[PDB]
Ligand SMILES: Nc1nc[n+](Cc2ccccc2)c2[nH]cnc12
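Single chain ahead, written as structure tokens, the form deposited without the named molecule.
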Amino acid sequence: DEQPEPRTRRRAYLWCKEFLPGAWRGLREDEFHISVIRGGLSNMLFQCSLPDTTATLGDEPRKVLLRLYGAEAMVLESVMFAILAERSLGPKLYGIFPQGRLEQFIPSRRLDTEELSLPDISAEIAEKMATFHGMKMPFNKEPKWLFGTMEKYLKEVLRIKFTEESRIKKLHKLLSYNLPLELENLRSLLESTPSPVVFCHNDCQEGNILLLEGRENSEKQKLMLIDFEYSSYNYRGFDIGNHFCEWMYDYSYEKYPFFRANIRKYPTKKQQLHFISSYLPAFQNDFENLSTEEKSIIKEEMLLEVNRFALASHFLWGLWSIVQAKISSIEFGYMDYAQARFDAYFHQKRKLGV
């Protein structure tokens, strides 16, 4: 039960005391409870709570999550979080201030990578993603994020000056593919691949999926999608394909490079069909009433869409990871991860015949 720095205890006390109603408003500092959930220099997380000896007066929460930003994107993330809260699709928003926010505390654990392929879990992930994809949001609907971001990252990658010989070497190999050519060939392929533009999560991986406490044996509604920091209007195919890619990566590996990759854990076509069979009726209400025939066509075309867009997930994250090898302060094998993503890019390309 890790205690925060005294400075952070006092600030957390004041934010809770001033932003939360009822018993919080009169709470003594010496009866304030706080423990560190995630440390670091940015995006730090703390649990704050009333003493067990203090009764609630109304509907105020007894326990909350404090998120600290630490080390216009802020306007947009805050507005998004507030709207998702109002719509019961994310944790409630209790307080917002320059340094962070107070959010609803949701008893839960994160999923592990192996759990993504469980048929019931996968079905519910698909339903939750489809629900998210139906959200009308006050943000730019031109789907510029995907290629805008890859172009931005590639610009950065070509200008990196590594000093470490192992990274110099790995970078030269990755750039030997002619990444500008490959990106513009990918742009050509996806231009010819229909995919509706919807509000996408953009990071649907096990670490962003809560298994809700007390719901673990429930048939449905045991999950919640969280961490919408990178959510935007984007091609639907990307959100689904990106999720499929995440079946292959275990970030809990406790030896350098601090991930495991397995190409054979990508969902099989059978598994992919199971996922999209749950997605579609959740996204298009009367989908079930279509003939078995029309449903089959729509499913086949979606399989093609999502597996092509999976290529963009590899390329995007490969580029992202090279930049992180230059700019990150976390211990992680970023260059080896980049190579894993580009390996999967070319393996997938070959399987698609593209």
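Note that residue numbering begins at 1 and tracks the sequence as displayed. Think of the rigid core as the biggest set of C-alphas that the two forms share within 1.5 Å after superposition.
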Worksheet entry | Gap size, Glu72 back to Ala71 (deposited sequence, no coordinates) | 10 or more
Discussion item. If you take the mean CA temperature factor per stretch, which one wins between 294 to 302 and 311 to 319?
Written reply: 294 to 302
Item to complete: Can you let me know which of the two, 100 to 108 or 277 to 285, has the higher average C-alpha B-factor in the entry?
Response: 277 to 285
Worksheet item: Can you tell me which of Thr131, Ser195, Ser231, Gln221 has the highest Cα temperature factor in the record?
Response: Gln221
Item to complete: Consider only the C-alpha atoms of the modelled residues in this chain, order them by B-factor as the entry records it, and name the third containing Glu142: lowest, middle or highest.
Response: middle
Practice prompt. Tell me, lowest, middle or highest third: where does the Cα B factor of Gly241 rank within its chain?
Written response: lowest
Worksheet item: For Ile330, does the deposited CA B-factor place it in the lowest, middle or highest third of the chain?
Response: highest
Item to complete: Place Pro119 in the lowest, middle or highest third of its chain's C-alpha B-factors, as listed in the PDB entry.
Response: highest
Worksheet, complete the sentence: Sorting the chain's modelled residues by C-alpha B-factor and splitting them into thirds places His201 in the lowest
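Although not depicted, the form deposited with the named molecule bound is the subject of the following passage.
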Worksheet item: Which one of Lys136, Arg87, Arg110, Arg159 is close to the named molecule in the bound PDB entry, taking close to mean a heavy atom within 4.5 Å?
Response: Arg110
Worksheet item: Which of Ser277, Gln104, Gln271, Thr131 has a heavy atom within 4.5 Å of the named molecule in the bound PDB entry?
Response: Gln104
Worksheet item: Can you pick the stretch from 189 to 197, 222 to 230, 114 to 122, 171 to 179 whose heavy atoms fall within 4.5 Å of the named molecule in the bound PDB entry?
Response: 222 to 230
Worksheet entry | Heavy atom distance at most 4.5 Å to the named molecule in the bound PDB entry, all of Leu65, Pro91 and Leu210 | yes
Worksheet item: So, in the bound PDB entry, is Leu27 in contact with the named molecule at a 4.5 angstroms heavy atom limit?
Response: no
Worksheet item: Taking the shortest heavy atom distance, is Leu290 within 4.5 Å of the named molecule in the bound PDB entry?
Response: no
Worksheet item: Going by a heavy atom distance of 4.5 Å, is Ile37 a contact of the named molecule in the bound PDB entry?
Response: yes
Practice prompt. Once the rigid core is lined up, just say which one of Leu27, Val323, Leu290, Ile298 has a C-alpha that travels 2 Å or more between the shown form and the other one.
Written response: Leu27
Practice prompt. Take the rigid core as the frame of reference and indicate whether the C-alpha of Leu311 shifts by 2 Å or more between the shown form and the other one.
Written response: no
Item to complete: Determine, after fitting the two forms on their core, whether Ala344 shows a C-alpha shift of 2 Å or more between the shown form and the other one.
Response: no
Practice prompt. Take the rigid core as the frame of reference and indicate whether the C-alpha of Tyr13 shifts by 2 Å or more between the shown form and the other one.
Written response: yes
